[PDB]
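In structure tokens, one chain follows: the form deposited in one PDB entry.
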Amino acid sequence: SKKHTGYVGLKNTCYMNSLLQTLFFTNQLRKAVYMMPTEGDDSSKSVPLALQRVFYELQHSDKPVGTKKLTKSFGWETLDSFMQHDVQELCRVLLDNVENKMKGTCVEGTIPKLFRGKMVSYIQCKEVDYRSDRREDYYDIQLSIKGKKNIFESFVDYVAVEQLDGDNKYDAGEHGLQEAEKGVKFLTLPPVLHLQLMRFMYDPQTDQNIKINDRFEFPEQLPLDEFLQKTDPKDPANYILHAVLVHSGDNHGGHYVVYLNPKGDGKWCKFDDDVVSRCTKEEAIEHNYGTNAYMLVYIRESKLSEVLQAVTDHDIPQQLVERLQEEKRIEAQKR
């Protein structure tokens, strides 16, 4: 309900309602979503326009906001379509559509501005002079949590140098089968940091994946300078916790909640589909360790004013407002 919390819920679609709120309260994205030139797009088919509708209605409605038009636009209507994919794949499906629509426009490069970081995957031979680098972009990170107490330990394990010895030695081609060091190194961390946590793993004796219900800790403030190669004293890599996406119950079904800190000000709310309610820091952060938190969103402190900048009704263009109201006037009177 809007009167208690300030915010409205979504109506049921497993992990989408959790992600849509998370992307909506990324205010700099929301503004750019409104500036997409969707006037010459079809209503039923356009994913850009459907996300504009949800964002419009989440900003403006007092009642809960529908997602049926958005599901129909990218074809994930049934339950089995949601089950096959993960949250990062859904996030990639939404944000790629938004990025491609924003190309050749005033708000181009907004997705990579907010979400795209850079890393180097490297292989160094120990006893011969051969190094092999690849610069990769990333929009999300998938962190390991099995045998890891916290995020710091998971980032250590992410960047940990694997040795290649004995059986598994590096094929250097001309130099031959060589002993070597494999690792990954973060070059930059983006303003909005989507961190998924590896709650599933492969168990050999059952021929099937199984859930990890272990206690995993994550802080409100997250320093990550030690995980970057070349730090910046003018811009430290200190990250404020923004959202926590949570699962409960069994796998084939269950319940899907997101906790959120929409202004970056420690004032937490639980978004349980249609019922949005206030909650403590401890219900959002501490109590969702081990029920399992599966994705976390961190915003960079230096970029927090820009990322969570104030949206107004003036930031939605007139043609889009006129379009979405003309739908709602026709959609009401139909009986």
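In this text, rigid core is short for the largest set of C-alphas that superpose within 1.5 Å between two forms. Heads up: residue numbers just count along the shown sequence, starting at 1.
- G264, modelled here, also has coordinates in every other compared entry of this protein that models residues flanking it, well short of the third needed to call it frequently missing.
- Of the other entries compared for this protein that flank it with modelled residues, all give atoms for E162, so not even a third lack it.
- In this entry, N12 and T13 are separated by 1 to 3 residues of the deposited sequence that lack coordinates.
- Gap check for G290 to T291: 10 or more deposited residues are absent from the model.
- The mean Cα B-factor in the deposited entry runs higher for 325 to 333 than for the other of 325 to 333 and 1 to 9.
- When 245 to 253 is weighed against 186 to 194, 245 to 253 comes out higher, by mean CA B-factor as recorded in the entry.
- As recorded in the entry, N209 carries the highest CA temperature factor of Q229, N209, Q221, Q142.
- Of the candidates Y239, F155, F115, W76, it is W76 whose Cα B-factor is highest according to the PDB record.
- The deposited CA B-factor of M119 belongs to the lowest third of values across its chain.
- Ranked by C-alpha B-factor against the other modelled residues of its chain, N100 falls in the middle third.
- Looking at the C-alpha B-factors along this chain, the one for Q319 belongs to the highest third.
- Sorting the modelled residues of the chain by their CA temperature factor places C91 in the lowest third.
- In this PDB entry, the Cα temperature factor of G147 sits in the middle third of its chain's modelled residues.
Keep in mind that the form deposited in another entry is missing from the display, and what follows is about it.
- Core superposition between the shown form and the other one leaves every listed residue (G147, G75, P223, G253) with a C-alpha shift below 2 angstroms except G253.
- Once both forms are fitted on their rigid core, the CA atom of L164 lies 2 Å or more apart between the shown form and the other one.
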